[PDB]
Structures are given as C-alpha cells and as structure tokens.
C-alpha cells in the first residue's frame, strides 16, 4: 500500500519557466532563450558532473549553467552577478494546484526528493509557503550524486523508513520518471504537454525556442520504463491514490 508520496521539485512542484522576468533583465529581448538553455544546461551539468565522478551541488551546477547560457550571448558575468541572478531558482513559483494537492494528500507521508542542494530546497519551499506540507525535503547532496543515479532514490527509504513499494513517486521529468521506476518506486508522471499538440506544433512552419525545449524535455524518454500512471496536473493525484488503492 502507498504510504508516502514523494515529489520531484524542479518542473514538477515548481515552474522553471518562472525565472522569466529575471532573465529578461539579464538580456532584454532574450529572456525566453535564457530560461530554456539555462534549464537544459542545468540538467546536463548535473548528469555530466555525476557521471564524470566530479560532483558539485546543485547551487554550483545552477550557476555554471547560467554562466554558460549568458556566455552564448557573448556576456561574461562575474561570480557576484551569477550568484545574484541564480537566486531566481530559489524563488520559482509553485504550480497553482500544488498547495491543494499536498493538503488533500495528508495524512499520507509527503516529501520532496530533488537534485536541489539543501539550502536551495529550503528557501524554495519557504518562499512558496509549503514548509508545513512536507514531512521531509530530501536533497541528493548527502549521496554526492544527481538523478537518475540510484543512490539519489535510495535516500527515500533512509529518510522516511518506507520501502520503494510503498512510495508513489511524482515527476514531470522523463529522466526522473525513468530513474524512479528503475529504482523500484511506483510512479505517477505529470504530463502537461499533450503529445498531439507538440506533433502539430513541430509541423506548423518555423519551430520556436520554447518549442525546442518542449521537444527535448516534456516527453517520456524511450529508454525508460513507463510510469505506472499519467495525470495532466498535480491536483489529480489525490483522486489517483484513492481510485488506486
């Protein structure tokens, strides 16, 4: 039986597009571009540092990815500027139905498992006023790996004392859905982009940037095990757990 619902953070509970106005200031006219490449490179760097055996926490990864992104535009921001702007990732707006979802999921154990560094996750959760909606906010930092490395998911039992079989893992990120399934969790994927809409979008003449991010990041990955469940939004999870049991 499901005893805990563990949430991915970035892209699942929190909207990574919401750094929009901060990036638009870093380079007027190019906010959309920066938003997308920043997120993409942030993910790539977490995978590559881990795979290379050169871990650095998500705060370093986030700043390195921002530096790369602004670099493509010909900028050369200093550490002070980078540390300042990267704070936008600790202010991400929660999806509008997150709070209600989490409230209805009580008394089940509720937690976050995220690539985010400890201080990042605490600030992000605090800013969103969701601190008391979680029994635990788990960072991969203790294991010095990033998802989808199995050690990241091993943390859930260590912290919550529930077995993988008793966990419903929730994520909008295909690679995270894959890593959680690989580890042994039941998984509910949050799919906000209908496949059919993307397909037609990619056929409608010139292809835009956000569309590029969407094509690369909003689908199930072909190498991964399929999620047990797919829902359109977080608010659907309470109903899923009920009609599930």
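Positions refer to the first chain, counted from 1.
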When the C-alpha temperature factors are averaged for each of 180-188 and 25-33, which stretch ends up with the higher value in the entry? 25-33
Compare the mean C-alpha B-factor of 124-132 with that of 85-93 as given in the PDB entry, and name the stretch with the higher value. 124-132
What's the residue among 197, 215, 207, 50 with the greatest CA temperature factor in the PDB record? 207
Comparing C-alpha B-factors across 103, 170, 154, 138 in this entry, the winner is 103
Looking at the C-alpha B-factor of residue 109, is it in the lowest, middle or highest third of its chain? highest
Among all modelled residues of this chain, ranked by Cα B factor, put residue 15 in the bottom, middle or top third, i.e. lowest, middle or highest. lowest
Split the chain's modelled residues into thirds by Cα B-factor; is residue 233 in the lowest, middle or highest one? middle
Temperature factor at the Cα of residue 118, chain-ranked in thirds, falls in the middle
Just say lowest, middle or highest third for the CA B-factor of residue 165 relative to the other modelled residues in its chain. highest
